[PDB]
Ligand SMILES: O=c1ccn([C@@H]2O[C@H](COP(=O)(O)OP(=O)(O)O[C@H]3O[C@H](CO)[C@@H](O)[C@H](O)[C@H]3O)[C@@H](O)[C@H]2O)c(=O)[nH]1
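Here's a solo chain for you in structure tokens, the form deposited without the named molecule.
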């Protein structure tokens, strides 16, 4: 309850919009858990103030500062900035167990049952299914684990240049051990898989609980018609429309409260 939380990350204003929509969707589906968001100094004051309303806790992380424990690793491997910032989710020891969710995900149903899982639980990644997708995962905050992950980042880096490579390298028993740590795909449904693999989606897609907007174009990169309530042109804009309905209904008017 109070010691468990959903955790996300925003390094800029664009992803802050995603985090705001994500946080709103979790509230919409009545989560009994806390909502926390890791933010960097590059996030504007207005976005930060909006985040302070949607989330129960806003934690500032600045790996560009010499006082940060990951700073030295960043100097060694500067392309891992976002990854190192994300790793700070393990530093949130005020929580006993958390569900990390990237700011480009969207909740479609209550997913509090994820807290029944143990670290490290995650859904299979499409493309190379023996690796888990790091967009949604159940973990246990721990300074020791954070230090171990930072050590791996320093010595090995990441095989994909991002957090997914590093996380799979560290939590390497995932593919061959404990089916319970394999979160069902509906808890982290790839937006790509939805429009690509039509048969499979038509058969199981209705049970989707979380949509993960992957690819170059993010939800906020689309144009949304507020009258027809649909984005402009693609066989299932339904999820993009849900994202935009929440953004239009709850997020934008919230951001307007600060103009006064």
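Numbering follows the first chain given and starts at 1.
The next section is about a form of this same protein that is not shown, the form solved in complex with the named molecule.
J.: Counting any heavy atom within 4.5 Å as contact, can you tell me which stretch out of 110-118, 126-134, 147-155, 178-186 lines the named molecule in the entry with it bound?
T.: Checking each option against the 4.5 Å cut-off leaves 126-134.
J.: Between 99, 122, 103, 87, only one gets a heavy atom within 4.5 angstroms of the named molecule in the entry with it bound; which residue is that?
T.: In short, 103.
J.: May I ask you to choose, among 194, 54, 214, 47, the residue with a heavy atom within 4.5 Å of the named molecule in the entry with it bound?
T.: Contact with the named molecule in the entry with it bound is made by 214 alone.
J.: Check whether residue 218 has any heavy atom within 4.5 Å of a heavy atom of the named molecule in the entry with it bound, and answer yes or no.
T.: Looking in the entry with it bound, residue contacts with the named molecule include residue 218, since a heavy atom lies within 4.5 Å.
J.: Report whether the minimum heavy atom distance between residue 9 and the named molecule in the entry with it bound is within 4.5 Å.
T.: Contact check for residue 9: yes, within 4.5 Å of the named molecule in the entry with it bound.
J.: Does residue 143 reach the named molecule in the entry with it bound, with heavy atoms at most 4.5 Å apart?
T.: Residue 143: no, not in contact with the named molecule in the entry with it bound.
J.: With heavy atoms only and a cut-off of 4.5 Å, decide whether residue 244 touches the named molecule in the entry with it bound.
T.: Output for residue 244 is no: heavy atoms all beyond 4.5 Å of the named molecule.
J.: Output the sequence-ordered list of residues from 174-204 with at least one heavy atom within 4.5 Å of the named molecule in the entry with it bound.
T.: Read in sequence order, no residue approaches the named molecule (within 4.5 Å, in the entry with it bound).
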